[PDB]
Amino acid sequence: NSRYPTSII
Amino acid sequence: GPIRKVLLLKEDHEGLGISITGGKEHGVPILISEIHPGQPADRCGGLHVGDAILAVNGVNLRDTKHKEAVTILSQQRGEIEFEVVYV
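Quick mapping for you: the protein sequence lines, in order, are chains B and R. The end of the first sequence is residue 11 by the numbering used here, with every number in the run present. The end of the second sequence is residue 88 by the numbering used here, with every number in the run present.
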């Protein structure tokens, strides 16, 4: 997992 | 690094072609964590993994929460100007 949330956009 | 202005051209059936992470609630800028091959950000040539997105089309993203940034970024259409910096 990424250190913090990730969004694909 | 130096602050850069970068132009991206997106068609209406496409997304930006990036993954972003971070946000104000995490005390981290909106950061590009992925540039997806062949999609608009890759094609524009000037956006890279590790870039912080400071603004898009004049909208400051320095103090935006993660989901605020997603909404703002996904709203943009056509010829889209980014202000970015690699730290």
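Yeah, the Cβ is synthetic: ideal placement off N, Cα and C, and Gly gets one too.
With 16 other Cβ atoms within 10 Å as the buried cut-off, status of residue i
i: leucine 10 of chain R; result: exposed
i: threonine 22 of chain R; result: buried
i: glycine 39 of chain R; result: exposed
i: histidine 27 of chain R; result: exposed
Spatial neighbours of residue i in its chain, beta-carbon cut-off 7 Å, leaving aside the 5 residues before and after
i: residue 97 of chain R; result: Any property of residue 97 of chain R remains undetermined from this structure, which presents chain R solely from 2 to 88.
Three-state secondary structure assigned by DSSP to residue i
i: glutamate 35 of chain R; result: strand
i: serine 9 of chain B; result: strand
i: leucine 74 of chain R; result: helix
i: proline 3 of chain R; result: coil
i: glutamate 12 of chain R; result: coil
i: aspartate 64 of chain R; result: coil
Cβ neighbours of residue i in the same chain (closer than 6 Å, five flanking residues each side left out)
i: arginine 5 of chain R; result: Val85
Identity of the residue in the options nearest residue i by Cα
i: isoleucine 11 of chain B; options: R/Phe83, R/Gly24, R/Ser75 and R/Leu48; result: R/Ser75
i: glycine 2 of chain R; options: R/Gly16, R/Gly18 and R/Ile54; result: R/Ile54
Other residues of its chain near residue i: CB distance less than 8 Å, five sequence neighbours each side excluded
i: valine 50 of chain R; result: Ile33, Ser34, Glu35 and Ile36
i: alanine 56 of chain R; result: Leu62, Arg63, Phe83 and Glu84
Closer than 7 Å at the beta carbon, the chain D residues around residue i
i: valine 71 of chain R; result: The chain labelled as chain D is not found among the protein chains of the depicted structure, namely B and R.
DSSP bridge partner residues for residue i (one or two, in chain order)
i: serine 20 of chain R; result: B/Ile10 and R/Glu35
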